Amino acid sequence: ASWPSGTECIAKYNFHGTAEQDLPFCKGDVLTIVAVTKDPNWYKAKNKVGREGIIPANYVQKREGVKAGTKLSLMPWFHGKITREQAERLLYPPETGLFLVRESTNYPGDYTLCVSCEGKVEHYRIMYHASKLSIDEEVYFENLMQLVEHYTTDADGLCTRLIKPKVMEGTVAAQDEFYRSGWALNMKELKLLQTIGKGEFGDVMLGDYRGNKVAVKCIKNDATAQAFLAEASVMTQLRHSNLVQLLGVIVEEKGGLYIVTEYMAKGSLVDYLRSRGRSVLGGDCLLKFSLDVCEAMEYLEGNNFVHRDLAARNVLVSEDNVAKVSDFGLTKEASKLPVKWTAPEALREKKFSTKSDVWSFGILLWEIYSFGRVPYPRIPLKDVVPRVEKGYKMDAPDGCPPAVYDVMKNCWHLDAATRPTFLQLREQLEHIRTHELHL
């Protein structure tokens, strides 16, 4: 079947054109299909700037979503909860360098490396502490992939170096999955310029990819890389003008895992507010930011996703002032959470829902109209939930429009079901804007 009009394809190679009708393009460029020609090998398509022309199907890769199934993985040789004996069975015919990683039955929370040395299969314990992996407690690693790169390059103490992986069955190489779905990027074209932020769950760096500024993120404490997979996957499925856009994924076999994202020149919404402040940001600007976030959220709810981590810090601003939700690490379909932003039922119940997201939206608005100030200002972090559950609610910020504050309050009802829908939030923020109840 030919690619329907509107299909997106990423260029695998540079195309210089064979005829005058042809549309040239560079490797990595995004092409939107217009229509297939009389010859299935060529399509009419447009580039980002809109220019149309003919291009070869062979040269482009259809871009599509990737589902982080329970079988999707970056470690063929990883076998999850496999038992010692099982590894012995999986590794029965004595082969030097035949290895496989499994979780640790023996020592809970850690992992175990299993190798076939000399008619025997050695089992080395991999300790997980302070978010790092280590066998000899001399060399540490961020993930099991780097550990395998290492011990494959040299035995470095082990009875033998690793040579051949015992590929678990059902494993789906995420590297070619993201590759075939048009989301794979090349490390050689990425130059990491500087670190924009070193956070608790990941790092973000400004970079240069094929000439354009880009944001690169890596995820901490993710030994199996599943946090990485989960975040990348969901991102390949999100497409809204108020959601930070995924540009691609970078997987170095050594173990460096990165998520390349559009660059947002103005930094987090928190900072933008604090820097420019009250004397610069008018009411329209503040309401405009609220609507931006609200639409992003209505989109997520409409696609059955729960953000679970909505806050001014996780909202970035582009060069021309468009606020976009970012940081989709905790994003999952209707099911640690930041206490000051999370709804009571959410911290207590094991399931999260859009209604908790709405609660967080309420908190975020307060952040917006407070110009970055931190939630629950004069209260100890150990009183919040109990005070809140005892009906406490922050005071409307200084100079906050009463109508805006009522939206906040409406987000803070203790009975989740009574909280507004994101569409109802948009409608009310629009009702406010329409009558200028914010000016």
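For every residue, the number given is its place in the sequence shown, counted from 1.
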TODO: Count, per the entry, the deposited residues between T105 and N106 that are not modelled, and return the matching class: none, 1 to 3, 4 to 9, or 10 or more.
DONE: none
TODO: Read off the CA B-factors in the entry, average them over 377 to 385 and over 409 to 417, and name the higher stretch.
DONE: 377 to 385
TODO: Pick between 90 to 98 and 226 to 234: the one whose mean CA B-factor in the entry is higher.
DONE: 90 to 98
Open item on the list: Looking at the C-alpha B-factor values in the deposited entry, which of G391, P56, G65, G28 comes out highest?
Closed with: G391
Open item on the list: Looking at the C-alpha B-factor values in the deposited entry, which of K351, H240, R308, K355 comes out highest?
Closed with: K351
TODO: Report the third (lowest, middle or highest) to which the CA temperature factor of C294 belongs, ranking only the modelled residues of the same chain.
DONE: lowest
Open item on the list: Lowest, middle or highest third: which one holds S2 when the chain's residues are ordered by CA B-factor from the entry?
Closed with: highest
Task: Chain-wide C-alpha B factor ranking for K217, given as lowest, middle or highest third - done: lowest
Task: Assigned third (lowest, middle, highest) for the C-alpha B factor of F361 - done: lowest
Task: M264 - which third its CA temperature factor falls in, relative to the rest of the chain - done: lowest
